[PDB]
Structures are given as C-alpha cells and as structure tokens.
Enquirer: 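Pasting a structure here, questions to come.
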Protein chains: 6
Amino acid sequence: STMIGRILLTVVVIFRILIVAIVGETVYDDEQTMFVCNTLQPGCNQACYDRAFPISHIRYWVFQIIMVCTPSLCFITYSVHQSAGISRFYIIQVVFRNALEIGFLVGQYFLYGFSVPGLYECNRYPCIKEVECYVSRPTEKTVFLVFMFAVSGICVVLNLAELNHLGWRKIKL
Amino acid sequence: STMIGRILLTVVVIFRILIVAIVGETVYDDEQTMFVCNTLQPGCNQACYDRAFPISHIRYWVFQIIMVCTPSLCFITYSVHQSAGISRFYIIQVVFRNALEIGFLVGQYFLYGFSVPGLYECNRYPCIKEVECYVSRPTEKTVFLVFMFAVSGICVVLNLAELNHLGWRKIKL
Amino acid sequence: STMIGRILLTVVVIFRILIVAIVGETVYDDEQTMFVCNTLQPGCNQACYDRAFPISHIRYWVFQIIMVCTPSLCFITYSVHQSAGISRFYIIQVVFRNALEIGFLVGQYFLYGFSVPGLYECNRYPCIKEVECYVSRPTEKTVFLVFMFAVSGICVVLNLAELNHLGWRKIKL
Amino acid sequence: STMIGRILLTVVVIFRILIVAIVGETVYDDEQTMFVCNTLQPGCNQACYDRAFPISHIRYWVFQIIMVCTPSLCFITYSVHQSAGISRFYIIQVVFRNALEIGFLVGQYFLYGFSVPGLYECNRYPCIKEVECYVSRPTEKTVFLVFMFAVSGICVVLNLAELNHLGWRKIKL
Amino acid sequence: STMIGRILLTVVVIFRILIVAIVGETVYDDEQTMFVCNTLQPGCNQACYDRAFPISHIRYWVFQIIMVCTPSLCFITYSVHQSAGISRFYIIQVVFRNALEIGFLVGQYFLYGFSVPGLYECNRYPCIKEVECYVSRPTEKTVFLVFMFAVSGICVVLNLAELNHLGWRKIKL
Amino acid sequence: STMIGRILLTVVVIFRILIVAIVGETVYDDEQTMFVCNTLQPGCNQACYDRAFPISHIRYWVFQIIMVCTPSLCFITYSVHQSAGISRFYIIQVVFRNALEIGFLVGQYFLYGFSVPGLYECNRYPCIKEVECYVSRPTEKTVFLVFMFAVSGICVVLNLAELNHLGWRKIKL
Ligand SMILES: O[C@H](c1cc(C(F)(F)F)nc2c(C(F)(F)F)cccc12)[C@@H]1CCCCN1
Ligand SMILES: O[C@H](c1cc(C(F)(F)F)nc2c(C(F)(F)F)cccc12)[C@@H]1CCCCN1
Ligand SMILES: O[C@H](c1cc(C(F)(F)F)nc2c(C(F)(F)F)cccc12)[C@@H]1CCCCN1
Ligand SMILES: O[C@H](c1cc(C(F)(F)F)nc2c(C(F)(F)F)cccc12)[C@@H]1CCCCN1
Ligand SMILES: O[C@H](c1cc(C(F)(F)F)nc2c(C(F)(F)F)cccc12)[C@@H]1CCCCN1
Ligand SMILES: O[C@H](c1cc(C(F)(F)F)nc2c(C(F)(F)F)cccc12)[C@@H]1CCCCN1
C-alpha cells in the first residue's frame with residue numbers, strides 16, 4: 001500500500017496549507033489589541049502579552065509548513081539541474097522530511113501544550129507584584145492547536161509508513 | 001436523471017464557495033469589536049464573547065467546504081498517479097462525500113441551531129454574578145446560518161440521489 | 001434586432017459586476033462604526049443598527065449577481081458535459097434568468113425602497129422608550145440604490161425583449 | 001496626425017486608469033474618520049459630512065472610467081459576435097465616447113468645482129444653528145481634482161480631433 | 001559600452017519600482033493618524049497636517065514612476081501598431097525620458113528638500129496663534145527621501161550616458 | 001561539491017524570501033501603535049519611537065533581499081540582450097553577490113545587534129528629562145533578528161564556498 005499512502009500524504013499536506021493560509025491570520029489578528037490586564041501601570045499590557053505568547057502560533061505553523069516543504073524543493077531543483085542517480089536522493093528526502101515533521105511536532109508540544117487558558121498570571125516589570133490578564137478567543141485557539149497537532153501526527157504516521165516500506169537495508173546502504 | 005444531478009451539484013458547490021469566499025469574512029469582521037457587555041469588570045467582555053461564540057461560523061464553514069472537497073482531490077490525485085480500476089474509486093468517493101456532508105450538516109445544527117439571539121446571558125469569571133451582553137448584527141448572521149443550512153441540505157439531497165442511482169449492489173461489492 | 005440586445009445585455013452585466021466589485025465594499029465599510037444613537041444605554045447602538053439594516057445592501061446585491069449568473073453556469077457546465085438537444089436548454093435558461101432578475105428587482109423594492117433616510121427612530125430593547133440614531137453617508141447609499149435599481153430594470157427589459165423574440169410557441173414546446 | 005492621436009489617447013487612458021487605481025483609494029480612505037466638527041451634538045458629524053461630500057470624488061471617477069470604457073467593450077463584443085459592417089460601428093463608438101467624455105467633464109465641473117476648501121459651514125439637523133467643520137487633506141484633494149480635470153480635457157481634445165479627422169459627411173449617418 | 005548601460009538602467013528602474021511598491025505605502029500609512037499638535041482647538045490637527053504635507057511623498061513618487069514609464073509605453077504601442085521607421089522613434093523616446101527624469105528630480109528637490117524634521121511650527125487657522133506639532137517617523141522618511149533622490153540621480157546619469165553613446169549627429173537628423 | 005552548493009543556495013534564498021514575505025509585515029504591523037511611554041507630554045511617543053527604531057527591521061530586510069537579487073537580474077537581462085562571453089560575467093556576478101551579502105550582514109549587526117530590549121530610555125525633546133518607554137512583542141522580534149542573521153550567514157558561507165571553487169586565478173583574470 002505504498003501508493004494510497006502517497007495520495008493521502010499529498011492530500012493532507014494540501015489540506016493543512018489551505019486551512020492555515022485561509023483562517024490562521026484572521027484568528028490571530030486581534031491577539032494583542034484584545035489582550036487586557038487589570039492594572040493602571042503603563043506598559044504592563046505589553047510586557048504581560050510578550051511573556052504569555054513569546055511566539056504566536058500562526059508564525060510557528062508558517063515556519064513549520066515552509067520548512068517541511070523545503071526538502072521537496074531541494075529534490076525538485078536537483079532534478080531540474082540534472083536535466084540540461086535521482087533514485088538515491090529520494091530516500092534522503094524522505095528521511096529528512098520524517099525528521100523535520102517529528103521535530104516540529106515535539107517542538108509544538110513542548111512550546112504550547114494542548115490548551116490556551118483564558119487567564120494569565122503575570123509578574124513582569126513594570127507590573128506591580130502579580131497581575132491578572134485575560135486572553136482573546138482562548139477556545140478557538142485551543143481548537144486550532146489540537147487540530148494542527150492531529151494533522152501533524154497523521155503526516156508523521158504516513159511518513160513513517162512510507163519509510164518502513166522503503167526498508168532498513170535501502171536506507172542504511 | 002443522473003446527469004442533471006451532477007450538473008446541479010457542481011453548480012451548487014460553486015455557488016456556496018463563491019458566496020462564502022466573497023461575503024463571509026466581511027460579515028464576521030467586527031464580531032468581537034462590537035460585542036459589548038453591561039459591566040465595568042476588565043476581561044468580562046473577552047470571557048463572555050468566548051463563551052457565546054466558541055468557534056465562529058465562518059471558520060466552521062471554511063473547514064466544512066475544504067473537507068467536503070477533499071475526496072474529489074483524492075480521486076483526482078489518484079487518477080494523475082495512475083497515468084504516468086478508477087471505476088471502483090468513484091463509488092467510494094461518492095460514499096465518503098455523502099457521509100461528510102451529512103456529518104457537517106448535523107454538526108452545524110447541534111453547534112449553532114437556527115438563530116443568533118441579540119442578547120446573551122453570561123456568568124463566567126471574572127464577570128460578577130450574571131451579566132447581559134449584546135451581539136453584533138444578529139439578524140444577518142441568522143440569515144447566513146439558515147442559507148448555509150439550506151444549501152447543505154440541497155447538496156445532501158443531490159448526493160443521496162446520485163448514490164441511489166448507483167444502486168446498492170455496486171456499493172456492496 | 002436580437003443581436004444588439006445580446007451585446008447590450010452582456011455589456012450591462014459586466015458593468016454592474018465591475019461597479020459593485022470595485023466600489024460597493026468600500027461604500028459600506030463604516031456602516032456600523034459610524035452609526036451612532038443619542039443615548040447612554042450600552043447595547044442600544046447594536047440593536048438599533050440591526051433593526052435599521054437587517055441585511056446590508058452590498059450582500060443582497062452580491063447574492064443577486066451570483067444567483068443571476070447561475071443559469072449561465074448551468075448551461076455552460078451542461079455543454080461541457082455533453083462533449084466528451086442544446087437548443088432546448090437555451091430557452092429554459094433564458095426563462096429562468098428572466099424570472100430570477102424580476103424576482104430580485106421586486107425584492108429590492110420591497111426590502112429597501114428608494115432612499116436611505118439620515119435619521120432613524122428606534123424603540124428596541126435595551127433602548128429606553130424611543131431613541132434617535134444617525135446614519136452614515138445616507139446620500140451616497142441612496143444614489144447606489146437608485147443606480148442598482150435602474151441597471152436591474154435595464155437588464156429586465158433586455159431579457160424580456162430576447163424572450164419575446166424567441167416566441168411564445170417555442171417556449172411552450 | 002490621426003495615428004499619433006490614437007497612440008496618445010490610448011496612453012492617456014492607461015495613465016488615468018493606473019493613477020486612479022493606485023492612489024485614489026488611499027487618498028480618500030480617512031475622509032470621514034478625520035472629518036470633525038466643533039460641536040457636542042451627537043450625529044452632527046455624520047450629517048455635515050454627508051452634506052459636504054454627497055458623493056466621494058473617487059467613486060465618481062471610477063464610474064466615469066468604466067462608463068467611458070464601455071463603448072469599446074460594446075465594439076469588441078460585437079466584433080467577437082460577428083466572427084463565429086464593422087466599419088460602421090467604429091464611427092458610432094467614437095461619437096458615443098466623445099459624448100460621454102464631454103458629459104462627465106461638465107458633470108465634474110458642476111458637481112465639485114476646482115477646489116476643496118478646508119472649512120465647511122453646516123446647518124443641517126441635528127446641528128444647532130450653524131457649525132464649523134474641518135476637512136481632511138484639502139490640498140491633496142484639490143490637486144487630484146485639477147489633475148483629473150486636465151486629463152479628461154486632454155482626452156476630450158484628442159477624441160474631438162479624431163472625430164474631425166473622420167469628417168462630417170461620414171458621420172452624417 | 002552602451003549595452004551594459006542598458007542593463008544597468010533597466011535593473012535600476014525595476015529596483016526603484018519594486019522598492020516603492022513594496023514598502024512606500026506601509027511607511028506612510030499612519031502619517032496623519034500619528035500626527036499630533038499641542039493644542040485643544042478642534043480642527044487644528046487637520047489644518048497643520050495639510051499645511052505641513054500638502055502632497056505625500058509616496059503619491060509624488062508614484063506619479064513620477066508612471067510618467068517616466070509613459071514614453072516606453074508610447075514606443076511599444078507604436079511598434080505594435082506598425083505590425084498588422086522604428087529606429088527613429090527610439091531617440092525621441094530617449095530624449096523625452098531624460099527630460100522627464102530631470103524635471104521630476106528637480107521638482108522633488110524644490111518641493112521636499114533633503115530632510116523631514118520631527119517638529120513643525122504651524123500658524124494656520126483655526127490654531128490659536130502659533131502651535132507646535134510632531135511628525136511620525138521623520139528619520140525613516142528622511143532616509144526614503146535621500147534614497148529616492150540618489151536613485152533618480154543614477155537614472156539621470158544613465159540616460160545622459162545612453163544619449164551620448166548614441167551621438168549628436170543622429171539626434172540632429 | 002559545487003552543484004549541491006548551488007542547490008542549497010537557491011533553496012535558502014527562496015526560503016528567506018517566503019518567510020519574510022509571509023510573516024514579516026504582520027509582525028511589525030503594530031510597532032508604533034502599541035509603543036507607549038510613561039508620560040503626559042504630547043509628542044513624546046513619536047519622538048521616542050523614532051529614536052528607538054530609526055528604520056524598521058522589515059524594511060531593511062526587504063531592501064537587502066532586493067539588492068542581493070539585483071546581480072542575478074543584471075546577468076539575466078544581459079543574457080536576454082545578447083540573444084536577439086557570458087562565462088566572464090558569471091564570476092563578476094558571484095563576486096558582487098558575495099560582497100553585497102557580507103555588507104548587509106555586517107550592517108545588520110552594527111545597526112540592530114542581536115536583541116530587542118523590552119524597555120527603552122528616551123531623553124529626546126519634547127520629553128521632559130528622561131522617560132521610560134515599552135516596546136511591542138520584543139521577544140518575537142529578537143527571534144526574527146537572530147533567524148535572519150543565521151540565514152544570511154548560511155548564504156554567505158555558501159557563496160564563499162562557490163567563489164573558492166571557482167578559484168583565485170579565474171577571478172584575477
Ligand atoms: O498571503 C497570505 C498567505 C499566503 C501564503 C502563500 F503565499 F504561500 F500562498 N501562505 C500563507 C500561509 C502558509 F501557507 F502557511 F504559508 C499561512 C498564512 C498566510 C499565507 C494569505 C493568502 C490567502 C488570503 C489571506 N492571506
Ligand atoms: O482569501 C479569502 C478566501 C480565499 C479562498 C480561496 F483561496 F480558496 F480561494 N477561499 C476562501 C473561503 C473558502 F471557503 F475557502 F472558499 C472562505 C473565505 C475566504 C476565502 C478571500 C478571497 C476573496 C476576497 C476576500 N478574501
Ligand atoms: O474580493 C472582492 C470581490 C471579488 C469578486 C470576485 F471574486 F468575484 F471577483 N466579486 C466581488 C463582488 C461581486 F459582486 F461578486 F462581483 C462584489 C464585491 C466584492 C467582490 C473585491 C475585488 C476587487 C477589489 C476589492 N475586493
Ligand atoms: O481593487 C482596486 C481597483 C481595481 C480596479 C480593477 F479591478 F479594475 F483593476 N480598478 C480600480 C479603479 C478603476 F478606476 F476602476 F480602475 C479605481 C480604484 C481602485 C481599483 C485597487 C487595485 C490596485 C490596488 C488597490 N486596489
Ligand atoms: O497595489 C500596490 C501597487 C501596485 C502597483 C502596480 F499595480 F503597478 F503593480 N504599483 C504600485 C506602485 C508603482 F509605483 F506604481 F509601481 C507604487 C506603490 C504601490 C503600487 C502594491 C502592490 C504590491 C503589494 C502592495 N500594494
Ligand atoms: O505584498 C507583500 C510582498 C510582496 C513581495 C513581492 F511582490 F515581491 F512578491 N515581496 C515582499 C517582500 C520581499 F522581501 F520583497 F520579498 C517582503 C514583504 C512583503 C512582500 C506580501 C505578499 C504576500 C502576502 C502579503 N503581502
């Protein structure tokens with residue numbers, strides 16, 4: 001079943017790209033403008049938002065998508081260069097894709113977890129002692145996080161299946 | 001009368017895609033900025049809006065449209081792969097499209113109902129006791145909800161008609 | 001003189017599409033942000049705006065344009081399907097176009113009238129008793145309404161002329 | 001001189017289209033948000049802005065550009081219809097273009113004049129007695145007005161030159 | 001070495017177009033929104049901004065780019081018309097391009113100078129007596145001004161070099 | 001191993017362009033609107049922001065990308081001109097690309113350093129004495145700065161490898 005796997009992998013990749021490109025930017029548009037803290041201290045909002053969300057989910061996902069697409073670009077550009085052999089570059093491409101996908105999945109888990117809480121406790125200067133801040137659209141962002149994790153897991157499973165189909169001996173040699 | 005069924009199904013799909021892509025984003029642009037609650041508590045607006053609208057209608061509809069289009073993408077990519085058999089894949093594609101359409105229709109009904117009320121009663125922290133909040137353009141959103149439900153129902157009916165035309169004994173084998 | 005009728009109908013259809021697509025969205029951008037009521041009651045602005053403009057003109061016109069274009073899409077897709085009889089489908093397409101255009105013209109008349117007043121009287125909860133609200137750029141919207149009505153009327157006249165040229169007997173059979 | 005005339009006319013038309021499409025929308029973006037009146041009366045700003053600028057310059061110019069391009073569209077569509085005589089249609093097209101250009105130039109002069117003043121005196125309800133309002137970017141709008149008038153005048157002159165070259169007797173039809 | 005002159009001129013023109021189109025609009029987006037005057041007079045901000053920046057740099061540069069591109073469009077349209085002689089039109093096009101570029105460079109210098117100050121002294125009605133206003137991103141705008149002046153100077157030098165590489169006696173005839 | 005060098009260089013260039021074009025503008029959208037200083041002095045925010053960020057990172061990076069791409073455009077246009085020799089131009093193109101890349105990397109290091117602090121101390125007129133200002137999303141901008149520096153360093157290394165592969169005696173002649 002080395003063909004159905006490829007079909008599903010291509011479809012899933014296109015699905016992820018389309019979903020992100022269409023809705024992600026809109027979801028995270030008012031992330032800072034609607035972030036509010038219970039305080040009168042100027043600059044507390046900026047510091048607390050920066051501490052709560054060091055990197056927005058959307059930018060992480062864009063970086064992941066481009067990086068995961070990169071090895072296919074390498075293979076295609078090499079194929080173009082060859083004309084005006086290739087059977088070897090394919091295995092390395094698959095291995096690198098596997099490694100990148102697994103790394104990005106683990107990175108997402110360790111960076112963001114599985115949920116976006118509605119409240120945040122912030123004790124960064126210039127905020128006095130500890131203050132409470134309130135997040136915008138926590139539930140939608142939690143749903144997006146879980147959905148992206150699931151799609152990435154499906155991609156990892158399909159890539160591993162293809163790699164196992166290729167075989168240990170071919171990879172090692 | 002299966003050919004006219006395909007013609008109408010294609011036209012309805014294109015119509016739904018065009019309507020959503022052109023107006024949906026504009027309709028729901030100020031959903032949170034014009035959402036206001038009668039209170040002085042910081043962060044009550046954010047929590048109450050998140051509780052009232054866990055997932056925006058537009059994002060659900062975009063997800064539904066892409067997911068419903070997915071099986072056709074699978075079939076097309078399989079056909080491309082085969083050249084440089086197909087009669088069987090068509091029935092499975094039709095069945096999966098039917099299932100996805102029915103599931104998304106039921107999900108819309110159970111998530112959103114048939115109307116968007118103008119008032120919302122909210123009792124989520126940090127709001128004190130129970131507060132009243134006011135929604136932005138509820139009537140237009142209700143019209144959009146009903147229209148999308150009707151279009152999805154028409155799509156479901158056409159898909160069922162085509163599947164019945166195929167007959168039970170081809171699906172079984 | 002059926003040929004000049006077709007030429008003019010195509011030209012006016014393109015003209016309406018271009019005008020709407022280029023200006024309509026910008027005309028109605030600040031419809032709600034610039035809508036203000038003389039009151040201190042939270043939520044009165046939202047309710048009064050929703051009551052005054054249940055559906056924006058621009059969205060009604062977009063729906064009308066797509067719906068009126070739909071029969072041509074049906075005919076074109078049927079023609080594509082036939083290649084890899086047609087004379088009968090043309091008359092049905094013309095009749096359906098006539099009906100849709102007339103229906104949308106009547107609907108516009110009964111929904112919006114011929115003018116957008118600068119003042120609105122609103123007595124919807126939570127507004128206390130009856131309040132006065134002020135509309136954004138009413139004159140431009142009135143001009144747009146009248147222009148769209150005139151263009152739709154011209155389209156109706158041309159469609160009726162073409163249908164009359166076809167003849168009653170052909171329509172019956 | 002008939003050839004260089006057409007060359008210049010085409011170049012000038014393209015120039016006008018490009019200038020408007022690129023800068024006009026940006027110039028008139030904050031026309032209402034930056035329009036302020038010296039008053040405390042709710043709704044005075046909206047009424048006075050509507051009175052001062054019943055139709056924005058940009059929308060008038062877009063309408064003029066599309067309407068002036070329409071006769072060429074009619075001629076092109078007629079030519080397409082003929083293939084799968086034309087000498088006659090060209091003269092009528094030129095005459096109609098002349099008439100439309102002259103009409104739009106006169107309309108601009110009578111609607112807007114040659115300058116946008118920085119102050120406006122407004123006595124429309126709900127404003128009490130008479131109030132002073134202040135316009136946004138009056139000088140840039142005046143420059144745009146004069147430039148568009150000059151370009152339209154050049155177009156009118158070129159069209160009249162072409163019409164004269166055609167001759168009275170040929171157009172006597 | 002005329003050929004490398006053509007390469008350099010073309011690449012410089014493309015570079016200017018790309019830089020302006022990509023960054024200029026974003027640089028001058030908040031020119032008026034972030035313009036502040038130390039006063040309580042309503043309407044003083046509008047008048048002071050209008051007197052300080054009668055025409056935005058970006059619009060002047062767009063006008064310059066389109067105008068300097070125009071003669072090439074004239075030449076290309078003439079060439080297209082010729083098929084379904086040319087060696088002569090080219091020198092006139094070169095001369096006109098050179099004159100236009102020099103004129104726009106001189107106009108830039110005489111209209112904006114070489115710097116954008118952070119402070120402005122405004123003395124225009126309705127501002128009481130003399131007021132002080134503060135500009136948005138003066139340093140970035142100064143850098144943009146100097147860069148555009150340098151690019152235009154390079155274009156002027158290359159145009160003169162091309163004109164000389166042709167020679168005086170062909171220009172005379 | 002010069003071919004893999006070219007493959008990697010092309011892929012890295014495309015990667016940088018895509019990342020910047022997709023996320024950079026959104027990262028720096030609210031750089032000035034969310035910049036706040038602890039003061040009551042009008043115009044202090046503008047002056048302090050202008051002093052802290054004379055040129056935005058995004059515009060510097062756009063300029064760098066276009067400038068680094070320029071030599072390839074020169075080579076391509078020269079090749080186009082030659083048809084309706086080239087071996088020499090390639091070496092000069094490579095040398096100029098190397099010089100531009102190194103210069104832009106050094107310029108970035110000397111202009112911005114390796115971090116964006118969350119606090120800024122500002123003593124520019126009209127601010128009284130010395131005030132404290134707070135930056136918007138400093139952490140994301142720090143990450144972007146470091147990532148761009150790393151990508152530019154990789155490009156420099158690949159360019160140096162290719163230039164060394166060409167060797168000194170070819171460059172000298
Ligand atoms: O410009 C934005 C965008 C473009 C593109 C691309 F150029 F690759 F097609 N990719 C995007 C992505 C990406 F696909 F993950 F790369 C995410 C978010 C916005 C994207 C989108 C495009 C759709 C409409 C909203 N902005
Ligand atoms: O980028 C937005 C958008 C694009 C596209 C797509 F790229 F697939 F064509 N699909 C959209 C959809 C759709 F449902 F996926 F079709 C919904 C809302 C906005 C969409 C729209 C496009 C029209 C102008 C407003 N933004
Ligand atoms: O995306 C918007 C838009 C697109 C399109 C379409 F995709 F069919 F071409 N149709 C639009 C329509 C139309 F009526 F469907 F033609 C109305 C308003 C905006 C439209 C416009 C397009 C021009 C620039 C402003 N947004
Ligand atoms: O969508 C807007 C627009 C488009 C077009 C068209 F689709 F015909 F090319 N024409 C426009 C016009 C024009 F006059 F019809 F040319 C004016 C203003 C904006 C226009 C512009 C396009 C350039 C970027 C800013 N919006
Ligand atoms: O619509 C804007 C724009 C377009 C164009 C054109 F249509 F000719 F390609 N030219 C622009 C110019 C230019 F100088 F005419 F090239 C300047 C500024 C913005 C421009 C840009 C295009 C890139 C993305 C930001 N808006
Ligand atoms: O118009 C913006 C943009 C365009 C382009 C170009 F026209 F060259 F492709 N280049 C951009 C660049 C680039 F560095 F020049 F590539 C940076 C930031 C935004 C860019 C982007 C394009 C993708 C969607 C968001 N705006």
Side-chain angles (χ1 to χ4, degrees), chain A residues 29-54 116-138, chain B residues 32-50 122 124-129 131-133, chain C residues 40 42-43, chain E residues 30 33-34 36 38-40 134 136, chain F residues 29-53 116-124 126-141:
Chain A
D29 180 63
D30 64 9
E31 54 196 351
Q32 187 156 212
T33 51
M34 283 288 160
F35 184 92
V36 71
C37 303
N38 205 314
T39 188
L40 272 174
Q41 187 67 49
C44 187
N45 275 3
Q46 284 85 349
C48 293
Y49 173 85
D50 184 69
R51 191 57 155 208
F53 308 101
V116 184
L119 304 171
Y120 181 71
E121 259 83 56
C122 169
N123 64 8
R124 193 161 130 197
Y125 180 93
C127 312
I128 309 294
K129 306 152 169 321
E130 167 156 325
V131 299
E132 196 163 79
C133 304
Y134 311 95
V135 180
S136 168
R137 316 166 175 275
Chain B
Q32 179 154 223
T33 50
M34 301 297 306
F35 183 93
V36 70
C37 301
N38 192 312
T39 196
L40 268 174
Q41 184 68 51
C44 186
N45 274 4
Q46 283 84 358
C48 290
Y49 172 84
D50 183 72
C122 171
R124 191 163 134 192
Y125 180 90
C127 311
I128 308 293
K129 304 175 210 281
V131 295
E132 190 166 59
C133 304
Chain C
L40 270 176
Chain E
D30 61 27
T33 286
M34 285 293 170
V36 178
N38 198 319
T39 197
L40 262 171
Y134 313 92
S136 172
Chain F
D29 181 61
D30 63 13
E31 56 193 355
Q32 174 151 232
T33 51
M34 298 301 305
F35 184 92
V36 70
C37 302
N38 194 313
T39 188
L40 272 174
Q41 183 67 50
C44 186
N45 281 359
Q46 284 81 0
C48 296
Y49 173 85
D50 182 70
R51 191 55 156 207
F53 306 102
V116 182
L119 299 174
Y120 182 70
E121 259 86 56
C122 162
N123 66 357
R124 194 164 127 188
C127 312
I128 303 298
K129 305 174 207 278
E130 152 152 344
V131 297
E132 190 162 66
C133 304
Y134 309 94
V135 181
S136 173
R137 23 185 129 219
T139 302
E140 201 152 39
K141 285 154 181 176

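Every heavy atom of this structure was used, including side-chain atoms; hydrogens, water molecules and symmetry mates were not. Numbers restart at 1 for each chain; the letters A, B, ... are given by sequence-line order, proteins then strands.
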Enquirer: What distance separates B/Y125 OH from B/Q41 CD, expressed to the nearest 0.5 Å?
Expert: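 CD of B/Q41 is found 7.5 Å from OH of B/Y125.
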Enquirer: Any side-chain to backbone donor/acceptor pair from A/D50 onto F/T139? Under 3.5 Å, distance only.
Expert: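 Confirmed, A/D50 side chain pairs with F/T139 backbone.
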Enquirer: Using side-chain heavy atoms (C-beta onward) and a distance below 4.5 Å, is F/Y134 in contact with A/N45?
Expert: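 Contact flag for F/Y134/A/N45 side chains = no.
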Enquirer: Rounded to the nearest 0.5 Å, what separates atom CG in A/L119 from atom CG in A/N38?
Expert: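 With rounding to 0.5 Å, CG (A/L119) is 11.0 Å from CG (A/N38).
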Enquirer: Do F/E31 and F/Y49 have side chains that approach each other closer than 4.5 Å (heavy atoms only, starting at C-beta)?
Expert: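 A side-chain contact under 4.5 Å exists here.
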Enquirer: Assess the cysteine pair A/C37 / A/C127: is their SG-SG separation shorter than 2.5 Å?
Expert: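 No disulfide here.
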Enquirer: Which heavy atom of F/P117 sits nearest to which heavy atom of F/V135, and what is that distance?
Expert: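 It is O-CG2, 3.5 Å.
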Enquirer: How long is the gap from CZ on A/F53 to CD on F/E140, to the nearest 0.5 Å?
Expert: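 If I round to the nearest 0.5 Å, the distance is 11.5 Å.
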Enquirer: Does atom CZ of B/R124 have more than 12 heavy-atom neighbours from other groups under 6.0 Å away?
Expert: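 Above 12, so yes.
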Enquirer: Locate the shortest heavy-atom distance separating A/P126 from A/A47; write the atom from each residue and the value.
Expert: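 Smallest heavy-atom distance, with atoms named: CD-CB, 4.2 Å.
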Enquirer: Is the backbone of F/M34 close enough, under 3.5 Å, to the side chain of A/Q46 for a donor and an acceptor to pair up by distance?
Expert: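 It does hold such a pair.
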Enquirer: Compare every heavy atom of F/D30 with every heavy atom of A/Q32, then report the nearest pair and how far apart it is.
Expert: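 That would be NE2-OD2, 3.0 Å.
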Enquirer: Can you tell me if the gamma sulfurs of F/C122 and F/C48 fall under 2.5 Å?
Expert: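 Yes.
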